[PDB]
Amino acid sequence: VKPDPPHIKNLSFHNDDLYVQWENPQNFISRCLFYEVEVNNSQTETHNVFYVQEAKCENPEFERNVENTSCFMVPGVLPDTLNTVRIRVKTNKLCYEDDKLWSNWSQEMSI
């Protein structure tokens, strides 16, 4: 009946201060946001638009698996022509309660 609560990975009580290391999967983001991508070329003489659910940098291409980076397949682009890309971020209507995103709290114990 209740969502999965936050999870403490590590703690440190250092000079009267608490430093908490939370396991952060960012599910609240992953489930609400998505990208809408617009591609224009000359073949393709009309604006092609697609949606992105996963922006994960896994592979197994000769690229990278690092952080501070996002990966996604862009259909409609041809290497021989000039193409213009334009991205937008859109929210998921299912995440809203009384027109408010991420509307609620969560319950945890530090002991």
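The numbering used is simple: start at 1 and walk along the sequence shown.
S.K.: Mean CA temperature factor from the deposited coordinates, higher in 60 to 68 or in 35 to 43?
M.R.: If you average the C-alpha B-factors of 35 to 43 and of 60 to 68, the larger mean comes out for 60 to 68.
S.K.: Would you mind comparing 44 to 52 and 82 to 90 for me and telling me which has the higher average C-alpha temperature factor in the entry?
M.R.: Per the PDB record, 44 to 52.
S.K.: Please place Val77 in the lowest, middle or highest third of its chain according to the CA B-factor in the PDB entry.
M.R.: Top third by C-alpha B-factor.
S.K.: Please place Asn104 in the lowest, middle or highest third of its chain according to the CA B-factor in the PDB entry.
M.R.: Lowest third - that is where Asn104 ends up once the chain's C-alpha B-factors are sorted.
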